[PDB]
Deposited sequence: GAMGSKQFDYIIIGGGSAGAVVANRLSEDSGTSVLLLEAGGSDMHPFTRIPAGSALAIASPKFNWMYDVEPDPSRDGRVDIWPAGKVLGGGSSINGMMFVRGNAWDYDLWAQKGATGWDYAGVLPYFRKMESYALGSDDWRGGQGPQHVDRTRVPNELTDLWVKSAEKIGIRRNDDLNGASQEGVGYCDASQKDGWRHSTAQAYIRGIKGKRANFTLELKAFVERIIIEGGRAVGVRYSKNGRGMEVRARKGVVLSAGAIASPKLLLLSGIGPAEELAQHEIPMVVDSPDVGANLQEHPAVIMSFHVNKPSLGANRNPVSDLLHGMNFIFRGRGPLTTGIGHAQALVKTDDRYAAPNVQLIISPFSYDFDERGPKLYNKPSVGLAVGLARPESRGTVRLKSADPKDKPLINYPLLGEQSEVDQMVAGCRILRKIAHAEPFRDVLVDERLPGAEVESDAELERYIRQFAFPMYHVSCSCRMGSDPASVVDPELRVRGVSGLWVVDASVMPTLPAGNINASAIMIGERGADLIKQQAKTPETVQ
């Protein structure tokens, strides 16, 4: 621990790069950023986290990619106010829509066709209202993704936050290929970090504290390895318990989606195309529950049915006490029958749209699901077999006001001083969209919160 910094930030992804940039704005604040990856898929720049067999999909085992690269890789932020107001309703005081909107604006400050038209026209004919200003800060209805909306902003990538400081700020230091193994906690306070680099074990110290920005998979894992988590989990791996925190690694959420495809005469994995439709499958829903997307590039058109807000929940646990082991991840992509019902209902809407004029006037044949797949049970079969995750993993280190939450609304880990979690893991619920922008926004507001806490004693 010969080296001492004011703050140590674990993880240089979307949120962590923002925190590093913003906290080092103060000349007298030294900042160290530790990133397991390098600068500038494959194991070199992808974690390739294995997921346990999924009973909702006959034990199917998926591989979740996650950025292992400074900043990231693989824009516009149409804030859905229902999602952030839901956060505040679940205890994230100050993180309501009115609370995050200034930080989406700060992000904007920092940043300094015929087939799609045909699809949107067909949606309107079937009765899907066109999205416009009267909707407010919802994207309910059908609209074009590549457009500027009154409820949307512009933002930058995390690589823009790092480019402005790397080798330019004396109070900022960066260690790549640094695999953080444990947070060091002494006297109820996070005082440093142990990591390995180049085959050697290192330790470094923090004067003011540690910021855990490792993302929704690695952050809960790091908390567990540091003794912060459910007592049952910690004892099993004989990790001394520092904080009994019941929800570390709980509340894991991901977006499921499935592709429909049609040939015509005249990717979608992450869920952005030329046009989208946030629609309600029933009127019993308070917010649009299904997202329909079209990204039209023998020749075919690609459509997607995504579930805006998952009902299933997963877990992140340890495989062992060995820090280099990957986490144990459980997530039933379709664990609730209603999730399938909504996605089947989504598939039927996409059919109505394609069969309605004028898009029907360019239709040829349904290609991927199959025209013969018509019964609810036949569509459920197709969904269970071809559904996929959109890589929007979040919510594993829930912020809230209840004493069971992992962090309070100021992002402090309950039970420990000088320790924050600032990344997508703190989300109480997965928003319907703009995940990466939401994570950047969390870094923006989290940096302000940490700066505020530094003005006053803990």
Note to self, deposited ranges with zero CA coordinates are 1 to 3, 44 to 58, 93 to 97, 136 to 155, 310 to 334, 366 to 378, 540 to 542
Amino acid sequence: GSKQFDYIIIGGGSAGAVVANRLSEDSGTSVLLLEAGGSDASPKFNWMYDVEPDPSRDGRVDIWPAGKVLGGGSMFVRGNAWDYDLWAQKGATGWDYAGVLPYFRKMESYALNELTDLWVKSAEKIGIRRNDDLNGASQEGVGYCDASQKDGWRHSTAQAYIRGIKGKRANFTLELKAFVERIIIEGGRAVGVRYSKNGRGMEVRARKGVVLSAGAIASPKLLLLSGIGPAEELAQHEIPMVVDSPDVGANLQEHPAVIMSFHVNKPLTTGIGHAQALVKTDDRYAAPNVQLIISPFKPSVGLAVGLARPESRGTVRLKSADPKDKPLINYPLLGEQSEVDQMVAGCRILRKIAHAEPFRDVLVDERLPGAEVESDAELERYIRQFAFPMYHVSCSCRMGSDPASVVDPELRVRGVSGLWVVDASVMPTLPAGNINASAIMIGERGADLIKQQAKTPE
From here on, numbers count along this sequence of modelled residues.
Averaging CA B factors per stretch from the PDB record, which one is higher: 41 to 49 or 426 to 434?
41 to 49
Report the stretch with the higher mean CA temperature factor, choosing between 405 to 413 and 63 to 71 on the basis of the entry.
63 to 71
Can you pull the Cα B-factors for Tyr285, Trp82, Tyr331, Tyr195 from the entry and say which is highest?
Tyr285
Among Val248, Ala98, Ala214, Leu368, single out the one with the highest C-alpha B factor in the record, please.
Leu368
Give the position of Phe386 by CA B-factor within its chain, expressed as the lowest, middle or highest third.
middle
Relative C-alpha B-factor of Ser219, binned into the chain's lowest, middle or highest third
lowest
Could you place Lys352 in the lowest, middle or highest third of its chain by Cα temperature factor, using the values in the record?
highest
So where's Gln253 on the chain's Cα temperature factor ranking, which third?
lowest
CA B-factor ranking of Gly306, expressed as a third of its chain:
middle
